[PDB]
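See below for the structure under consideration.
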Amino acid sequence: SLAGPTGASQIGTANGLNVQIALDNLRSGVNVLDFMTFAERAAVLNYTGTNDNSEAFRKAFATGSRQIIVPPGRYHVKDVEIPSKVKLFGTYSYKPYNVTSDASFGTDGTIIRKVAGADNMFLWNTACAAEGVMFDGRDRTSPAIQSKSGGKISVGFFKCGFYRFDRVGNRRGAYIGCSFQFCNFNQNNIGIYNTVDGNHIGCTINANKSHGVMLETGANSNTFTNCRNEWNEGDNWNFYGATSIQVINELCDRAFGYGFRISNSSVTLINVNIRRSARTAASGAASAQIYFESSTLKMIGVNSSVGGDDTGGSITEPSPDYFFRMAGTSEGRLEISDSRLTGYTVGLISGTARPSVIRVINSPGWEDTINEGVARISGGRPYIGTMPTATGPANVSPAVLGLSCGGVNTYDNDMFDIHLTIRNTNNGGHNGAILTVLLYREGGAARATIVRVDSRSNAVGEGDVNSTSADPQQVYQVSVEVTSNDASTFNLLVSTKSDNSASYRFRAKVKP
Amino acid sequence: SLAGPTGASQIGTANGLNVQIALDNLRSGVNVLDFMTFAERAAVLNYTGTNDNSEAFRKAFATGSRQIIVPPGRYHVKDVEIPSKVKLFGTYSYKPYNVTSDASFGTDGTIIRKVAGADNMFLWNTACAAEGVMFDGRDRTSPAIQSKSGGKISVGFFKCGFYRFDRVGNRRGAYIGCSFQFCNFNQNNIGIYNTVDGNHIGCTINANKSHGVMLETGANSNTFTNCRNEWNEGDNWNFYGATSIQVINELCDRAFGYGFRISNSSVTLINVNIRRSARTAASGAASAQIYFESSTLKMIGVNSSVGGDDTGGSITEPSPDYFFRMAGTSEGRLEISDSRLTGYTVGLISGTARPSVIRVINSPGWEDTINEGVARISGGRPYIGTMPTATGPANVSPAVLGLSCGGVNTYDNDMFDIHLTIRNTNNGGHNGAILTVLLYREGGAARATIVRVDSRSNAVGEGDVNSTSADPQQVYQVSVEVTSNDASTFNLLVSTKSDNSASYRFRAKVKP
Amino acid sequence: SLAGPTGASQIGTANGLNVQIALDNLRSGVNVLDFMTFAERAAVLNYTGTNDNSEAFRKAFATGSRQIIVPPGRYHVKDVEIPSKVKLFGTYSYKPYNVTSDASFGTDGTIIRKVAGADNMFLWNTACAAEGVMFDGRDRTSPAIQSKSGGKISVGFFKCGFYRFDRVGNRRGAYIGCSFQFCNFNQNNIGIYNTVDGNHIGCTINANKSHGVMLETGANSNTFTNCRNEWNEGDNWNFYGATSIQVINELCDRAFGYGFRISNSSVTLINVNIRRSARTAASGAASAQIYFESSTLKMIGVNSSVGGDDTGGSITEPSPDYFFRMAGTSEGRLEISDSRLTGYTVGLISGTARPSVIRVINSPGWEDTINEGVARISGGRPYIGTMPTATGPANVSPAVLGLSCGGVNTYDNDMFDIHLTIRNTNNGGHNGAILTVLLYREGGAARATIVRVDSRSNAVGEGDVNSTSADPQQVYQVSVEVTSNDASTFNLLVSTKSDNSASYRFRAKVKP
């Protein structure tokens, strides 16, 4: 009588409504354990047997409820598709830091495991999610977050832990538009795969086989506010064609080669603390902390250091030989500011390629260098415009050195100093000159006049050479004339006597 | 017998306590669905009918429990006041990104909706809160988080979603002391309203009608660590009298005019990526990315770019013409560092007003400029002190140019170089001079001596003019004397012959 | 019949499974209230009596479930050890901002209190955790998170509130490897104690008796992304031997002395807004905002200001007299960039000790200073190498001033300017010289030649003194020769006549 289907509804409660609706109100979503056999449910709650409990999940999904509650039991699923906008609610008590053996997990919280040699555990659809779930696939195959359809899928994981997966991403060649707010990526082959438009708050990347966090082309956009990278058995941060990326705060600890790899993707590192790197590397050309190539990289507060293992360990020597490894065609950009990038052993750069634009300011380990704009800096010494070198015979056509400047406004004037350096290629003698140049603009155009010229033994002078009245001490004649109407670009003309023919390699630098 | 009020307590359990207390322990707070009719509760759980279920909420509040549990059903409330320190616990499965139609919401999680043409849905009090709730008011009226009493109210929303509201704030003229840690502000008329002492962790501002995140006077203080602003149909970030504000990391995407507006509020942007802006604007004077006025603005890592819509779209041309639009009285402050603010089309500034203090360093698109301190920079060229221009007739009273310096200590000396520029206003001729000045202090006071003077044709000289022994080549007499006892401020006196009277516009610049 | 142990299982439900398993599936963990007497449980749910309910917790722990559910009732425990990997799940409705009296807590959420004069409430083990729990110990004794064994313990608290504790840490001398993601530390004696490898997301430190957040030696590592420090009755931030530490974003408000204290620990402050400090201090030498000693401190976006209490208050005058207080042996490092550190009243530094390395750039209130590298800055004026002072009699052994430079490559040349300053110690006269030096390297070695020398009255000259052909105006002979083979280091030799003997204090500065 009371043991039948309608038995529960026949017993009232103190509130005024019977037991059945009292139980119905307490649940937030449909419980998976409801669709389970007694022995199978007991095994799930006891963490003992595999039991391949995929039918419970299939029936829970077929119920049609957008909310699925997975209690702390241990599950084993096989190729069960998750319908759209379906979320899995789970509670965890302990998320293991390092899962070295199958017995790493204890009771802890909810665990969903792949069964036997299944090719997948879940086939995700758009707008799916999960909380408190520790996904685990025993084999390093079966990539996690694998969509049923080979297209971009937007999901989200608030607190979850992915273990022993090939990659947290679909089909090895497609992207997922997700943001792992607080997750733990451990013992995988790829810590994060091809996330697009992702905002990852506090993830943790532990020792992963292979690369770790790897992004490919198109996986444009991505922010990693406070992620931490542990001893990844591989490349750690790896970006190839990601248009954007920014790792904000947390450190990048020991990695087994190229703690950061940047190939064609613009990136920015705000406060990344790039610790030791390249534990397993070939020393020269492969022990650098950052492998920079053909891309734009910006750094604002990056710190670095060298060292060995924390304690014990097979390798104790300071691992990273260099800091930068540059290769490929030289067309990238590099901006550096306020970064204490002195962490290396033998050198700073391991290639003959350099970014087309360099902006390094206030960073120990690298003197200030700027290659663009009117005001540039070379080796810590500033100058204006360009430093042109003109080598050739300074007879019958005075050598021309094209200088640049900020410019002069109308009815305005400017003054500046030029360092002129002469290196006679034949004899080997050296000479120097300091001159002061004033640029003035009237209503029509601008003109340049040499205020003063000074040198050792009065070798250079504004007076014309090849003249009987010329001072015999003077060997070089220097003059200046403006090319552009804005006086921004002019040129210095240097000539010698008609009789002598020699190459001197004139160099003119405009000092502010 | 068992169907009465005391029926539940008469059936024991395996643990040792009967069913009634077993049910009482499982619940964390009082369930709202308990105070509902069968048909009304079924409609709530089925997302079908309006049913105007305000009495359930009123009775739940009148119960006196500080915790209110709202299951995933759909509700419709009307002007129900929430007592103090009362929190609404809800679970959501999917929070819509863009709610374009009434059928945007599906099953998803808990939804609380305004009913018919009610002027409000909730009247909040101090220390209220909510989790997992997607508040929705069909009409764009009825501002959310509207306090019953017209005063400041401190609330908090961990994970909630506000849709189609006039503003998330009370009475259109009062403030709320809240911090939206992880929220979604979509299709409102104002994304965030007058939050005071707020620390917003990871909010999301989607396409909102009107301004979006707008703060007014008094709403002093506010931090937006990782918020993201989508295509707001209006002003996007808008601050008027907020004393403080700092947007830390996330980007500011396309907005329909003045992606940032700053009127009288000091602000700071740490790593904001200000994307395209001013989709709907009047081009000149209204297409700038930031409308800066009469305030203090600081930037540390700001990035910018131009572009059109992602795909399709009515407008495809690069939207923002400029980067800065400055108007109003010029008394503000502007500090810029390490910001790649090259994102514009035609210009950089759209006004004749400039901040009183400018500190721009290492930012592409703007040469270094500093207006305060001893060491200043103009157009990338540094100098010390001030660059004074003195125009007038240099006869019978030598023209005086007041120069500044860091100072000289007791029994100490300093040397520096001065560039002197002369522009004869009548004839139009131009002349220049370089001189070296040494400042020395003895026990009593300091004095200045001119080490050297050099010019073209020896026009200037330290020798006295109007003397028969004077070199005829010399036309100008230059001298230096100290005014302050600290030698920090001195002046350069330039004089001409007694016979000639002309204005030259002398300019003296102290080059380090 | 139905009231016995097996009564619940005899009533079926609509789903197909009886009431007993229906109740068993709804619970996530073992409920503590299950192991309680009727009157004791009623008192717990009514927040009325102490009742010393430790046996319920002991039996719940002895059950063996890794998950413990604490409902919103008020508890009183005494020295109950928490087994490993055990988490306490609680729900809170209101976390008090300031607990001034015992009646500060109302109904609110789950509260666990220490009973009578117990020496502890919980004895934690490895991998323990808690959520939503407001721990409170009435006496300021009984440190929270006190491990049973005196060793490092790794725990974690997502959302918890610690009130009136001696310190959140074990045994006053040991460390805990935890990360308080979102916590509230109020009215304690120490806000945070000896956290190791901690990543604290959004903590809140309210008015705490004593220091507040204090770290000691070994508590190396720690990140405080968005913590906020309120009016701590003590030292606020206090680090002694912590190897690392970085406070990222949130402000540091009024503190009762040394808002930051750094003794031997390297630290970095990214965007800390250090407000007023030292409300209770001895003015001179104790009213500084930061007490810096013998350590490395870096700052990137730090802001500061002065002021009094918000309203009312006993003290209304601007509190912090200075900004820095430096003491102890001078061997530390200091890096400053883009920090508006103008917040003080009387001065900036309160000690005669300075860091060995200083790098201050683009920070108002302090002129640019750099002490390392080839390019240095003093008081906003740049130079290359070192500024040596050589005092002594310049007769029979010319005085030598060792200058440094970046260096010259093979078959390369460089030019630069040297400022030479002479202060005759006997008479008191002062003199200055400007000279231009060219360094050139041939195949073998490098050599230096003086391009030009200029001074007032031609006092200095490259010609040899003590020669009958020497110009009588020349008093000093200057020469330059290179010491290193790289021409990076050379020296300037200055000599006088043989007859005169006097000390001049020569100073040579290499201006870029």
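No Cβ is skipped: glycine too gets one built from the backbone with ideal geometry, and neighbour counts run over all protein chains shown. Each value in this text was obtained by applying a stated rule to the coordinates, not by laboratory testing.
Structural remarks
- The same position C:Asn426 in the other copies lies at 5.4, 5.4 nm from this copy, comparing label points 7 Å beyond Cα toward the beta-carbon, shortest first.
- Efficiency of FRET from Cβ geometry, B:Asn46 and A:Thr217, R₀ 41 Å, rounded to 0.05: 0.35
- Computed from label points 7 Å out along Cα-Cβ, the spacing between C:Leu348 and B:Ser314 is 5.5 nm.
- Prolate/oblate/rounded label for segment A:190-246 (Cα gyration tensor, a/c 1.5): oblate
- With a simple spin-label model that places each label point 7 Å from the Cα along the Cα-to-Cβ direction, the separation between C:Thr126 and B:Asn426 comes to 9.5 nm.
- Rounded to the nearest 20 debye, the dipole size of the protein assembly as shown about its Cα centre is 2480 debye, using +1 on the Cβ of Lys and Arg and -1 on the Cβ of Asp and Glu.
- Across the copies of the chain, B:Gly64 has label points (7 Å from Cα along Cα→Cβ) spaced 4.3, 4.3 nm apart, shortest distance listed first.
- Computed over segment A:1-210: relative contact order in percent, which uses C-alpha pairs under 8 Å that are six or more apart: 13 percent
- Beta bridges per DSSP with both ends in chain B, % antiparallel, nearest 5: 40 percent
- Label zone (C:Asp139, point 7 Å along Cα-to-C-beta; backbone nitrogen cut-off 16 Å) within segment C:77-94: C:77-80.
- In terms of its C-alpha gyration tensor, segment B:154-205 comes out oblate, because a/c is 1.5 or above while a/b does not outweigh b/c.
- Computed from the alpha carbon atoms alone, the convex hull of segment C:389-511 holds 104 Å³ per residue.
- Within-13-Å neighbourhood charge of B:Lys209 [Cβ basis; K, R +1; D, E -1]: -2
- Loop-resident chymotrypsin sites (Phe, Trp or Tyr not before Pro) (DSSP state other than H, G, I, E or B) in segment C:405-512 with no more than 14 further Cβ atoms inside 10 Å of their Cβ: C:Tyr411.
- Between C:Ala470 and C:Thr449, residue separation times 0.36 nm minus the direct Cα-Cα distance comes to 5.6 nm.
- Neighbourhood charge, 12 Å Cβ-Cβ cut-off, centred on A:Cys227 and excluding it, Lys, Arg +1 and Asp, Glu -1: -2
- With θ taken as phi - 60° and the Karplus curve 6.51 cos²θ - 1.76 cosθ + 1.60 applied, the whole-hertz 3J(HN,Hα) list for segment B:423-429 is 10, 4, 5, 6, 6, x, x Hz, x standing for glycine and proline.
- Taking amide H atoms as placed 1.01 Å from N in the peptide plane, the amide H of A:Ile11 lies under 5 Å from those of A:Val19, A:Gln20, each 5 or more residues away in sequence or on another chain.
- Filter on B:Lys509/C:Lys298; A:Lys95/C:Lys152; A:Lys85/B:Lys114; A:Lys95/A:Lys298 - keep pairs with C-alpha separation over 26 Å: B:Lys509/C:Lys298; A:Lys95/A:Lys298
- Working from Cα pairs under 8 Å separated by at least six residues, relative contact order for segment C:206-263 is 40 percent.
- Nearest residue to the symmetry axis between C and B, taken on chain C by its Cβ, in whole Å: C:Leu26, 3
- When you count the other C-beta atoms within 10 angstrom of each residue and take the mean per peptide, A:352-365, C:28-41 line up highest first as C:28-41, A:352-365.
- The length gained by stretching the chain between A:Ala14 and A:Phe38 to full extension, at 0.36 nm per residue less their Cα-Cα distance, is 5.5 nm.
- Counting Cβ atoms of other protein chains within 10 Å of each residue's Cβ and taking the mean over peptide C:102-108 gives 2.
- With contacts taken as Cα pairs under 8 Å at a separation of at least 6 residues, chain A carries a relative contact order of 6 percent.
- If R0 equals 60 Å, the separation of the Cβ atoms of B:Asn485 and A:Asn500 corresponds to a calculated FRET efficiency of about 0.55.
- Principal axis dimensions, largest first and in whole angstrom, of chain B by Cα: 133, 58, 38
- Distances from A:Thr489 to itself in the other copies, using label points 7 Å out along the Cα-Cβ axis, amount to 4.5, 4.5 nm in increasing order.
- For C:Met387 and A:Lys59, a Förster radius of 56 Å and the Cβ-Cβ distance give a FRET efficiency of 0.10, rounded to the nearest 0.05.
- Entry for the protein assembly as shown at q = 0.06 Å⁻¹: log10 I(q)/I(0) = -0.67, Debye formula applied to identical alpha-carbon scatterers, no solvent contribution.
- Test item: Cα-centred dipole of chain A, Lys/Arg +1 and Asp/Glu -1 on Cβ, debye: 860 debye
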